[PDB]
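Colleague: test case, fold it:
(chains A, B, C, D, E, F, G, H, I, J, K, L, M, N and O, ligands or ions: 27)
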Amino acid sequence: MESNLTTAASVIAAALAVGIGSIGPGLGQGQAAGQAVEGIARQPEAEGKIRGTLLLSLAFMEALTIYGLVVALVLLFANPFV
Amino acid sequence: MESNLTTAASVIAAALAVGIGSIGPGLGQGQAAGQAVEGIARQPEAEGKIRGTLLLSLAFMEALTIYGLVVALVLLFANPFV
Amino acid sequence: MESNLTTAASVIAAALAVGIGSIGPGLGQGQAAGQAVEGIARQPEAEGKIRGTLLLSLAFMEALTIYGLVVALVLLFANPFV
Amino acid sequence: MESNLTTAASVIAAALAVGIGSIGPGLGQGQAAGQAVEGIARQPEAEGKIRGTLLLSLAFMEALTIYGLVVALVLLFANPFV
Amino acid sequence: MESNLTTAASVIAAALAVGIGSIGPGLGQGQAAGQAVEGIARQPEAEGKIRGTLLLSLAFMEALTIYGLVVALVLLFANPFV
Amino acid sequence: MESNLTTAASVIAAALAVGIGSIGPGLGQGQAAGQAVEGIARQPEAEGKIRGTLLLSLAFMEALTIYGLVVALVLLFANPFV
Amino acid sequence: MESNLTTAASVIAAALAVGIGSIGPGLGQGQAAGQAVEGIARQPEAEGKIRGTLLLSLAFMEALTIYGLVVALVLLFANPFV
Amino acid sequence: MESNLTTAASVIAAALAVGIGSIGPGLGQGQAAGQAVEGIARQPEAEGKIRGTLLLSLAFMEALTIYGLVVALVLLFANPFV
Amino acid sequence: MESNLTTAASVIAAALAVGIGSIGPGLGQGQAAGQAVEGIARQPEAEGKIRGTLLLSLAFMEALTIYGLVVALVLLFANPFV
Amino acid sequence: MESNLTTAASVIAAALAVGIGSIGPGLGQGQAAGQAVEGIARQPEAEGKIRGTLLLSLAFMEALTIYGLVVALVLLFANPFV
Amino acid sequence: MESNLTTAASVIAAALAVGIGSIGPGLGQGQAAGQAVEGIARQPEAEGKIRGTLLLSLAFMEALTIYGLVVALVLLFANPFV
Amino acid sequence: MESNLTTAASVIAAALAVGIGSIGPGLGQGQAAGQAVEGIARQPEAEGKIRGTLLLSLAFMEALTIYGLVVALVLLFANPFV
Amino acid sequence: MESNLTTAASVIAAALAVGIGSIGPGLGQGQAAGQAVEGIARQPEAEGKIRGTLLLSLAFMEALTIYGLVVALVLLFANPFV
Amino acid sequence: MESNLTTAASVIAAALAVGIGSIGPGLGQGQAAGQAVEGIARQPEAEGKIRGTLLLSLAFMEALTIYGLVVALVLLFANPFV
Amino acid sequence: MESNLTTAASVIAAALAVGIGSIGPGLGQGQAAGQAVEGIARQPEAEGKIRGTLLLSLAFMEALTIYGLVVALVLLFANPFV
Ligand SMILES: OC[C@H]1O[C@H](O[C@H]2[C@H](O)[C@@H](O)[C@H](OCCCCC3CCCCC3)O[C@@H]2CO)[C@H](O)[C@@H](O)[C@@H]1O
Ligand SMILES: OC[C@H]1O[C@H](O[C@H]2[C@H](O)[C@@H](O)[C@H](OCCCCC3CCCCC3)O[C@@H]2CO)[C@H](O)[C@@H](O)[C@@H]1O
Ligand SMILES: OC[C@H]1O[C@H](O[C@H]2[C@H](O)[C@@H](O)[C@H](OCCCCC3CCCCC3)O[C@@H]2CO)[C@H](O)[C@@H](O)[C@@H]1O
Ligand SMILES: OC[C@H]1O[C@H](O[C@H]2[C@H](O)[C@@H](O)[C@H](OCCCCC3CCCCC3)O[C@@H]2CO)[C@H](O)[C@@H](O)[C@@H]1O
Ligand SMILES: OC[C@H]1O[C@H](O[C@H]2[C@H](O)[C@@H](O)[C@H](OCCCCC3CCCCC3)O[C@@H]2CO)[C@H](O)[C@@H](O)[C@@H]1O
Ligand SMILES: OC[C@H]1O[C@H](O[C@H]2[C@H](O)[C@@H](O)[C@H](OCCCCC3CCCCC3)O[C@@H]2CO)[C@H](O)[C@@H](O)[C@@H]1O
Ligand SMILES: OC[C@H]1O[C@H](O[C@H]2[C@H](O)[C@@H](O)[C@H](OCCCCC3CCCCC3)O[C@@H]2CO)[C@H](O)[C@@H](O)[C@@H]1O
Ligand SMILES: OC[C@H]1O[C@H](O[C@H]2[C@H](O)[C@@H](O)[C@H](OCCCCC3CCCCC3)O[C@@H]2CO)[C@H](O)[C@@H](O)[C@@H]1O
Ligand SMILES: OC[C@H]1O[C@H](O[C@H]2[C@H](O)[C@@H](O)[C@H](OCCCCC3CCCCC3)O[C@@H]2CO)[C@H](O)[C@@H](O)[C@@H]1O
Ligand SMILES: OC[C@H]1O[C@H](O[C@H]2[C@H](O)[C@@H](O)[C@H](OCCCCC3CCCCC3)O[C@@H]2CO)[C@H](O)[C@@H](O)[C@@H]1O
Ligand SMILES: OC[C@H]1O[C@H](O[C@H]2[C@H](O)[C@@H](O)[C@H](OCCCCC3CCCCC3)O[C@@H]2CO)[C@H](O)[C@@H](O)[C@@H]1O
Ligand SMILES: OC[C@H]1O[C@H](O[C@H]2[C@H](O)[C@@H](O)[C@H](OCCCCC3CCCCC3)O[C@@H]2CO)[C@H](O)[C@@H](O)[C@@H]1O
Ligand SMILES: O=C(NC1CCCCC1)NC1CCCCC1
Ligand SMILES: O=C(NC1CCCCC1)NC1CCCCC1
Ligand SMILES: O=C(NC1CCCCC1)NC1CCCCC1
Ligand SMILES: O=C(NC1CCCCC1)NC1CCCCC1
Ligand SMILES: O=C(NC1CCCCC1)NC1CCCCC1
Ligand SMILES: O=C(NC1CCCCC1)NC1CCCCC1
Ligand SMILES: O=C(NC1CCCCC1)NC1CCCCC1
Ligand SMILES: O=C(NC1CCCCC1)NC1CCCCC1
Ligand SMILES: O=C(NC1CCCCC1)NC1CCCCC1
Ligand SMILES: O=C(NC1CCCCC1)NC1CCCCC1
Ligand SMILES: O=C(NC1CCCCC1)NC1CCCCC1
Ligand SMILES: O=C(NC1CCCCC1)NC1CCCCC1
Ligand SMILES: O=C(NC1CCCCC1)NC1CCCCC1
Ligand SMILES: O=C(NC1CCCCC1)NC1CCCCC1
Ligand SMILES: O=C(NC1CCCCC1)NC1CCCCC1
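Modeller: Residues are numbered from 1 along each chain as shown, chains lettered A, B, ... in the order given. Ligands and ions are numbered 1, 2, ... in the order given. Here you go:
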């Protein structure tokens, strides 16, 4: 067991990296997906192209939150200090 | 049984990870699902394609919050410090 | 029976988990449901398709706040520390 | 009878759980219901279908705040610590 | 006459439960009632339908704040601690 | 005369219950009333129906702020602690 | 003649009750009155009906702020504690 | 002549009462006045009806900030405590 | 000459009264005036009627900030305490 | 050279009066001038009218910030306390 | 050299007067200028009138920030206290 | 194992770099991808062009957050101080 | 070589003056330049007039931030106190 | 190796520089790129011209965040103080 | 080598200067660039005029953040105090 300023800061930090880090990407994925299904309603023949482009986009955005995830995980499972 | 700065920080961190972590994805899911059912009303024949793309989208967004859940669960059931 | 920093933090944390965890999902659910009933007004024949997709959607959003609920419940009934 | 940091925290937490927990669902219920009554005016024949889907939606949103309520209730009537 | 941390926290908690707990429902009620009244102007013949769906909706929203009011009332007239 | 943490917290609490508690309902009543008079301009023959529905709505919203009022008044005229 | 925590809190509480208490209702009154004069321009024959409904609305909104006034006046002229 | 916590709080309170008390009403007055002059451009013949209703409105909004002014004035010229 | 907590508070209060007190009225005056000059362009024959109604409006909004000014002036030139 | 709580509060107060006091009027002036210039483009013949009403409006708004400037200048060159 | 509460407050105050004081006027100048060039695109023959009116407007808005500037400069080059 | 002010500041810093650093890019990516997918629906033939411009854009935005990630990674695996 | 409250305040003040001071003018410049290039697309013949007016506007806005720069530079290179 | 107030500050500063520094540019890059791909769909023949102008824009915005990056880098690799 | 309040403040200040200094300009650049590429889609023949005006614009906005950069650089490489 260990408790000090740095272990305390690490668990808070871990929460903030993934917590805050999902805000922009979460909204952004919704905006993109929303336009995707709207576009499919408009032009069902473009479904494949639309899906392909969305998927790509979803990946970029999800990688943003994943950066927060790796920081969180480094802090919890590979902490350099504590 | 155990109380210090780091246990106190862990329980707060746990709540913040899942609480904050649900904000962007919750809004994003509503936006996407909203455009999806609008699109279905507009072009009921496209419902399978729209549902497929939405479902894909919903999963990517839910995953953002699940990262938060994971951090919360590690802090609660596999805490590295306390 | 027991009071320290960690019991105090735990009860605050439990409330922030569910309380904050309902903001994005509640707003999202409203956005999606509203587009659903609007969609039904526009095309009452698509009512079954619209309803099925809405329901799917509402479940994904409900799960986001449930993650908060779960963290709140372990904190209250299976606290790892106090 | 008893006052310490946890009883004080428990009462504030209970309030935060239900108070904050009503913000998203309250806005969302209004957005849905306004769209529902707009739909009815637009297509009074779909009223039953609209009302049915709205009811389903409202219950989902109400459940979100109910999660807050139960945390508040546990804190006040089944408090694990104090 | 007793004053301690918990009695002070309790009166504050009481105000926060009902004060904050009215923001979402109050806004939501406005939105819904506004759409309803506009709907009546558009289609006076659907007034009974519109008015019924509104009433149902208002009640769901008022319940959200009432949960706050229950917490306030427990904290004031059935306080578990003080 | 009496001054302690709890009398101080009570007068602040009283102010916050009615102060904050008027924000949502005040905006909401404006939104609803605004659509009402707009609807009357559009369809002056629906004036009675519109007024009836508004009035009902205004009552629900005003009851939300009134909950804050009763808490304030319990705190000032029927305080359980001080 | 008299200064302590509770007198200081009372004077602040008084200002906050009326100051905050005017925000939602002030905005709401502007919104409603604005739609009212727009409606009059649109249908000058409906001016009596529009004025009647507005006046009713203005009263309900003013009452929200008056609750704030009342709390302020009790704190200043009928203080229960100091 | 006299300085303590309560004189200090009283002057701050007086300023917050009028200062904050002008935000909602000032914005509201602008919204209503702007719709009024727009209305007059659309239907100059309704100018008298529009003006009368505006004036009524402006008075209700002005009264909201006046409540703030009144609390400020008693605090300055009829302080109950200091 | 004199410095204590109340002189310090008085100067800050005076600034807050006029500074905060200009925000709503400043925005509102702009909203009204922009609508006024838009109306004039639309119907230059109504200019006198528009200008007249605008003037009335502007004075009402200016009075709101003037209430702040007078509190500031009392605090600086007729201070009851210091 | 004197430094005390009040001299420090005074220089800060001075900045807040004119700094905060420019937000509403600055935004408002922009809104009004933008509408004016757009109006001129729409109806170049009404330029004299539009320009006169604008000038009048600008002066009312600049006065709001000037009140802030008066407070600043008193606090700096005619300080009542220090 | 001199360092005390008041020199420290003066340099911060100076920054806040011009820093905050550019926010409203900066936005407002953009809004106005934007409508000006839009109006010129619409009616290039009105270019002279539009420019004349913009210029006037820009001056009023720029004077608002200049008030913050003179306070800053009084504080740095003509400080009444330090 | 070392804990000091700097190790604590470093883990927090790491979370802030990637957490905050994802807000703008995440929102921006959503906006861009949404427009792209809508564009494809409008003109399926331009899909290759649209998709290429999007990909280029996504990369510029992901780099913004990656800068945050670099700072986080230095702070964690190549800390200059601790 | 020199450290005290006022040197620390000066360096912070310097950053805040230019940092905050760029917010309104940066947004305003984007708004104006945006309408300018839209206007050019709309009426390419007006490009000289639009460019002239924009350039004038850009200068006035840049000047707002430069006031911030000036305060920062005085604090850094001509500090009156330290 | 070394921990003091400046090393702690340096690491937080580095994070704030790149984290905050990505917010505006990230939003702006998204706004530009979305408009770019919308333009391409509208006029696929202009793609090269659109892509060229977008590239120029993206580099300008990226440079803004790069300024943050370099401050962060100096703080971490060329720190003048620690 | 050296740590005190002023080195600490200086590094924080340097980061706030560039970090905050990029928000308005980054958003502004996005607004202008987006209107530019939209303009090019509408009128590809005006591409050169549009690009030239955009470029001019981007430079004015870039300079705003550069002022921040400059304050950051003197603070780091030509600190007047430490
Ligand atoms: O000054 C050095 C000493 O500091 C420690 O105690 C200090 C230390 O600042 C910290 O535990 C405590 O402050 C803790 C408040 C910070 C809470 C949280 C931390 C990270 C996430 C954000 C905020 O205060 C103690 C007393 O002032 C420990 O007593 C000891 O290990 C160490 O040597
Ligand atoms: O490192 C854990 C230590 O916790 C205590 O000291 C702690 C103490 O908990 C706390 O009141 C104090 O800071 C109290 C502030 C708590 C702020 C909050 C708590 C978690 C959520 C975010 C931050 O710091 C002390 C450092 O000396 C006790 O001395 C002991 O239980 C244990 O040694
Ligand atoms: O730090 C854990 C310790 O908790 C207790 O001490 C605590 C004490 O309860 C508390 O007043 C003190 O901090 C008091 C402020 C706590 C505010 C907190 C913030 C997060 C949300 C809940 C409210 O810190 C002490 C640290 O020694 C007990 O002394 C002991 O059982 C235990 O070791
Ligand atoms: O006055 C008698 C009572 O005093 C104690 O409470 C103390 C407590 O220890 C202390 O931290 C507290 O100072 C803490 C001030 C906390 C302010 C808080 C902020 C929002 C929620 C409510 C108000 O003062 C209390 C005064 O009542 C005990 O709680 C109690 O055992 C005892 O009966
Ligand atoms: O610790 C218990 C004792 O606490 C009291 O003094 C304490 C007590 O926290 C409070 O008066 C004071 O803090 C008062 C700050 C809270 C202001 C306000 C209160 C409600 C509304 C929101 C915030 O500090 C005293 C000294 O730290 C009293 O001295 C005594 O009656 C009591 O026994
Ligand atoms: O309970 C009232 C008591 O007030 C004083 O103690 C008070 C004192 O006023 C105050 O500086 C301290 O807290 C000071 C913080 C004031 C915060 C603010 C004030 C009202 C507006 C909201 C909250 O707490 C002390 C508790 O010991 C004096 O000891 C005495 O006048 C009186 O016994
Ligand atoms: O609590 C009331 C008492 O007020 C004075 O003491 C005061 C003292 O002025 C003040 O520095 C201290 O608090 C100092 C901080 C006050 C900040 C306040 C917050 C609200 C807005 C105005 C500024 O508390 C003391 C409490 O003992 C006098 O000692 C006495 O006349 C009186 O009994
Ligand atoms: O330096 C000499 C002077 O010192 C005293 O002021 C003291 C005061 O008591 C103390 O609370 C104060 O610390 C309080 C710090 C308050 C910061 C405040 C926040 C915003 C508004 C302005 C700045 O330090 C002052 C230093 O001047 C007295 O006010 C005065 O009688 C005396 O002439
Ligand atoms: O109480 C009076 C004495 O106050 C001074 O020290 C006090 C004084 O409040 C101030 O320097 C320091 O607080 C400084 C914090 C305020 C930072 C900043 C100031 C203006 C801009 C906004 C906030 O604390 C010292 C110790 O508490 C000096 O020691 C002395 O010159 C003076 O006589
Ligand atoms: O525990 C051992 C170390 O303790 C010291 O750090 C002390 C430091 O002096 C003290 O101000 C500090 O209390 C300050 C609490 C600051 C909270 C801060 C807020 C956001 C960024 C991170 C967390 O406690 C530290 C505990 O590590 C020294 O930094 C270091 O020399 C030493 O090795
Ligand atoms: O007046 C300058 C004095 O600075 C120190 O005292 C200062 C000390 O710097 C500081 O920690 C304390 O306040 C520390 C708070 C710093 C807040 C922040 C700093 C600048 C940016 C805005 C405000 O006040 C002390 C007053 O006694 C030292 O005693 C000495 O270097 C010098 O006499
Ligand atoms: O005030 C300047 C003095 O700085 C040092 O003392 C400093 C000390 O570093 C610091 O912990 C203390 O304040 C500690 C809190 C500083 C927070 C600060 C806020 C702005 C952004 C950066 C972080 O104040 C002391 C004042 O005596 C040294 O003692 C000395 O070299 C120098 O005279
Ligand atoms: O790094 C990138 N972001 C992620 C997008 C989804 C796949 C994983 C990488 N892409 C580019 C950003 C610019 C530099 C790296 C390449
Ligand atoms: O990792 C990703 N996010 C999850 C979304 C839900 C399905 C599981 C993966 N997507 C991509 C982003 C990073 C690059 C490749 C993976
Ligand atoms: O359980 C859920 N929420 C309840 C709200 C009240 C109506 C019934 C559902 N939703 C989903 C979360 C778990 C996955 C499926 C269910
Ligand atoms: O886990 C998910 N969310 C729940 C929503 C309600 C249905 C049950 C699953 N979906 C996917 C997100 C990540 C990929 C796998 C699971
Ligand atoms: O319980 C609910 N909320 C109240 C609204 C007003 C009428 C009474 C019920 N809704 C549902 C929550 C989930 C399923 C049960 C009912
Ligand atoms: O409680 C309600 N709110 C108020 C509306 C206006 C009249 C007074 C009651 N209504 C319903 C909410 C759900 C449960 C109670 C009934
Ligand atoms: O109490 C109400 N509010 C006031 C509005 C202005 C006229 C006086 C009453 N209305 C209703 C809400 C609570 C249920 C019945 C009363
Ligand atoms: O007195 C009011 N405000 C004044 C502003 C300057 C022009 C004259 C009116 N309005 C109302 C508040 C009290 C009720 C009627 C008057
Ligand atoms: O009190 C009210 N507000 C004032 C506005 C200006 C005219 C005078 C009254 N109106 C009503 C609100 C509550 C019901 C009775 C009074
Ligand atoms: O005094 C007012 N404001 C100033 C605006 C610029 C011209 C000078 C007057 N307006 C009115 C406040 C209420 C009635 C008096 C005048
Ligand atoms: O003071 C004013 N503001 C500035 C506008 C640009 C030229 C310099 C003055 N104008 C009027 C405001 C009302 C009182 C003074 C005249
Ligand atoms: O001083 C002004 N602002 C600057 C804008 C950029 C060119 C230089 C002047 N304009 C006017 C406002 C104050 C009254 C006259 C001057
Ligand atoms: O360096 C830049 N940003 C990265 C975006 C992703 C591709 C790699 C470069 N842009 C420009 C900044 C200013 C000029 C240099 C390039
Ligand atoms: O230098 C500037 N920013 C650079 C961003 C990357 C592309 C090249 C320009 N803009 C202006 C600021 C100084 C005035 C002209 C240049
Ligand atoms: O200083 C200015 N801003 C820079 C933007 C990029 C081109 C170089 C100048 N423009 C004017 C603002 C104040 C009037 C003179 C200078």
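Colleague: need the contact list for residue A:18.
Modeller: Neighbouring residues of residue A:18 by C-beta atoms under 8 Å, 6 or more residues apart in numbering or on different chains: A:65, A:68-69, A:72, B:17, B:21, B:67-68, B:70-71, L:19. In this view, the C-beta of every residue, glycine as well, is placed from N, C-alpha and C.
Colleague: where does it fall, secondary structure wise?
Modeller: In this structure, residue A:18 sits in helix A:5-21 according to DSSP states H and E.
Colleague: does chain B sit close to the very next helix or strand once past that helix?
Modeller: Per DSSP H and E, the first helix or strand lying C-terminal to helix A:5-21 is helix A:23-42. Yes. Applying C-beta under 8 Å from any C-beta of the partner chain, one finds helix A:23-42 touching chain B at A:23-38, A:40-42.
Colleague: packing partners for helix A:23-42?
Modeller: Helices and strands touching helix A:23-42, by 3 or more C-beta pairs under 8 Å, 6 or more residues apart in numbering or on different chains; DSSP states H and E, are helix A:47-77, helix B:23-42, helix B:47-77, helix L:23-42.
Colleague: so how many other residues sit close to residue A:63?
Modeller: For residue A:63, the count of nearby residues is 18 (other C-beta atoms under 10 Å in any protein chain shown).
Colleague: next up, the contacts around the residue nearest to residue A:24 when sequence neighbours are not counted.
Modeller: Closest residue in space to residue A:24, ignoring its immediate chain neighbours: residue L:26 at 2.6 Å, by C-beta to C-beta, 6 or more residues apart in numbering or on different chains. Neighbouring residues of residue L:26 by C-beta under 8 Å, 6+ apart: A:23-28, A:61, A:64-65, B:24, L:65, N:26.
Colleague: rerun at 10 Å
Modeller: A:21-29, A:60-62, A:64-65, B:24, B:64, L:61-62, L:64-65, N:26-27, N:30 (C-beta atoms under 10 Å, 6 or more residues apart in numbering or on different chains).
Colleague: please apply the same query to residue A:15.
Modeller: Counting by C-beta under 10 Å, 6+ apart, residue A:15 touches A:72, A:75, B:9-10, B:12-21, B:68, B:71-72, B:75, L:15, L:19.
Colleague: residue A:79 and residue L:11, how far apart?
Modeller: Distance of residue A:79 to residue L:11, computed by C-beta to C-beta, to the nearest Å: 8 Å.
Colleague: give me the common contacts of these two.
Modeller: A:6-7, A:10, A:14, L:76.
Colleague: what's the most distant pair in the residues you listed?
Modeller: Pairwise distances across the shared contacts of residue A:79 and residue L:11 (C-beta to C-beta) peak at 15.0 Å, for the pair A:7 and L:76.
Colleague: tell me which of those two has more neighbours.
Modeller: A side-by-side neighbour count of residue A:7 and residue L:76, using other C-beta under 10 Å, places residue A:7 first with 30 against 20.
Colleague: hang on, that one packs against residue B:75?
Modeller: No. Judged on C-beta atoms under 10 Å, residue A:7 makes no contact with residue B:75 at a distance of 11.2 Å.
Colleague: need the residues of chain A near ligand 16, please.
Modeller: Contacts of chain A with ligand 16, taken as C-beta under 6 Å from any ligand atom, are absent.
Colleague: so what's the residue of chain A found nearest ligand 20 up against?
Modeller: Using C-beta to the nearest ligand atom, residue A:27 is the residue of chain A that sits closest to ligand 20, at 43.4 Å. Applying C-beta under 10 Å, 6+ apart, we find residue A:27 in contact with A:61, B:23-28, B:31, B:61, C:24, L:23, L:26-27, L:30-31.
Colleague: same thing but 7 Å
Modeller: Applying C-beta atoms under 7 Å, 6 or more residues apart in numbering or on different chains to residue A:27 gives the contacts B:24, B:27-28, L:26-27, L:30.
Colleague: now it. Nearest residue, chain neighbours left out?
Modeller: Spatial nearest neighbour of residue A:27, excluding adjacent residues (C-beta to C-beta, 6+ apart): residue B:24 at 4.7 Å.
Colleague: just give me the neighbour total for the one you found.
Modeller: 31.
Colleague: surely it is in contact with residue A:22?
Modeller: Yes. Using C-beta atoms under 7 Å, residue B:24 makes contact with residue A:22 at a distance of 5.2 Å.
Colleague: so what's in contact with those two at the same time?
Modeller: Shared contacts of residue B:24 and residue A:22, counting by C-beta under 7 Å, 6+ apart, come down to residue B:64.
Colleague: returning to that earlier point: for ligand 23, which of the helices and strands packed on helix A:23-42 is the nearest?
Modeller: Checking the helices and strands packed on helix A:23-42 against ligand 23 by C-beta to the nearest ligand atom gives helix L:23-42 as the closest, at 36.5 Å.
Colleague: do stretch A:36-54 and ligand 14 meet at all?
Modeller: No. Stretch A:36-54 is not in contact with ligand 14 by C-beta under 6 Å from any ligand atom; minimum separation 12.3 Å.
Colleague: what residues sit buried inside that stretch?
Modeller: A:36-44, A:46-47, A:49-51, A:53-54 (16 or more other C-beta atoms under 10 Å in any protein chain shown).
Colleague: got the residues of chain A near ligand 22?
Modeller: Counting by C-beta under 6 Å from any ligand atom, chain A has no residue next to ligand 22.
Colleague: now do the residue nearest to the spatial centre of chain A against residue B:68, distance only.
Modeller: Centroid-nearest residue in chain A: residue A:65, 2.4 Å away (criterion: C-alpha atoms, centre = their mean). Residue A:65 sits at a distance of 9 Å from residue B:68 (criterion: C-beta to C-beta).
Colleague: overlap of the contact sets of those two?
Modeller: The contact sets of residue A:65 and residue B:68 overlap at A:18, A:22 (C-beta under 7 Å, 6+ apart).
Colleague: thinking again about what came up before, got a markdown table for the contacts of residue A:18, with distance to residue B:1 too?
Modeller: As requested, the contacts of residue A:18 are exported to a markdown table (distance: C-beta to C-beta, whole Å):
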| residue | distance to residue B:1 |
| --- | --- |
| A:65 | 35 |
| A:68 | 32 |
| A:69 | 31 |
| A:72 | 26 |
| B:17 | 23 |
| B:21 | 28 |
| B:67 | 29 |
| B:68 | 27 |
| B:70 | 25 |
| B:71 | 23 |
| L:19 | 32 |
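Colleague: and of those, the nearest to residue E:1?
Modeller: Out of these, the member with the shortest distance to residue E:1 (by C-beta to C-beta) is residue B:17, at 42.7 Å.
Colleague: what count of nearby residues applies to that closest one?
Modeller: By other C-beta under 10 Å, neighbour count at residue B:17 equals 35.
Colleague: correct me, but it touches residue B:72?
Modeller: Yes. Here residue B:17 reaches residue B:72: they are 4.7 Å apart, a contact under C-beta under 7 Å.
Colleague: Provide the secondary structure category for the residue in chain A positioned nearest to ligand 3.
Modeller: Nearest residue of chain A to ligand 3: residue A:3, at 8.5 Å (C-beta to the nearest ligand atom). Under DSSP: H, G, I helix; E, B strand; the rest coil, the three-state class of residue A:3 is coil.
Colleague: return the residues in contact with it.
Modeller: Counting by C-beta under 7 Å, 6+ apart, residue A:3 has contacts B:4-6, B:81-82.
Colleague: of those residues, which is the most crowded?
Modeller: residue B:6 (28 neighbours).
Colleague: how about that one, nearest residue that isn't a chain neighbour?
Modeller: residue A:3 is the one closest to residue B:6 (C-beta to C-beta, 6+ apart), at 3.8 Å.
Colleague: and the gap between the one you found and chain J?
Modeller: Look at residue A:3 and chain J: by C-beta to the nearest C-beta, to the nearest Å, they are 40 Å apart.
Colleague: what values do phi and psi take at that residue?
Modeller: Here the main-chain torsion angles of residue A:3 (degrees, to the nearest 10) amount to phi -140, psi 120.
Colleague: and for residue A:2?
Modeller: According to degrees, to the nearest 10, residue A:2 has phi -160, psi 130.
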